[PDB]
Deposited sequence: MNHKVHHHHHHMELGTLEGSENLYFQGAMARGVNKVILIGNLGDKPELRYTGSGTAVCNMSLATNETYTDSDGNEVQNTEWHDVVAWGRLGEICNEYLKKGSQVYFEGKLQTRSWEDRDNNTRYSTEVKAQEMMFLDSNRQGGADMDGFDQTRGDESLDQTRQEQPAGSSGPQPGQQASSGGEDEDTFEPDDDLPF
């Protein structure tokens, strides 16, 4: 009855932080920086870093906590949602950090 999709490509601001709920469900909280770089009206470069709170639950949360490092380039697809603040609940994750 509705579409709620978010797509993010950027780098992690810090190591993923894995926690567990009272019910023992894995929750992984992450900060992703998407960088927009644009020259403005006076030919002056301006860098505008957007920070995003990304949340991964269950297996995906633990996979993220295992393989993702501070500064890792990563693709995320998920839902927009607000809880407790506004966050992206990850549904898909793709490593873009290969060598």
Worksheet, complete the sentence: Residues of the deposited chain that carry no C-alpha coordinates are 1-30, 115-124, 140-196
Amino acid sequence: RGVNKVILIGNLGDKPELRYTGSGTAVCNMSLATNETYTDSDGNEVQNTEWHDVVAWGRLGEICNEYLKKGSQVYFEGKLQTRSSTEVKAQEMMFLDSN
From here on, numbers count along this sequence of modelled residues.
Worksheet entry | Stretch with the greater mean C-alpha B-factor as recorded in the entry, comparing 25-33 against 39-47 | 39-47
Fill in: Per the entry, higher mean C-alpha B factor between 72-80 and 13-21
13-21
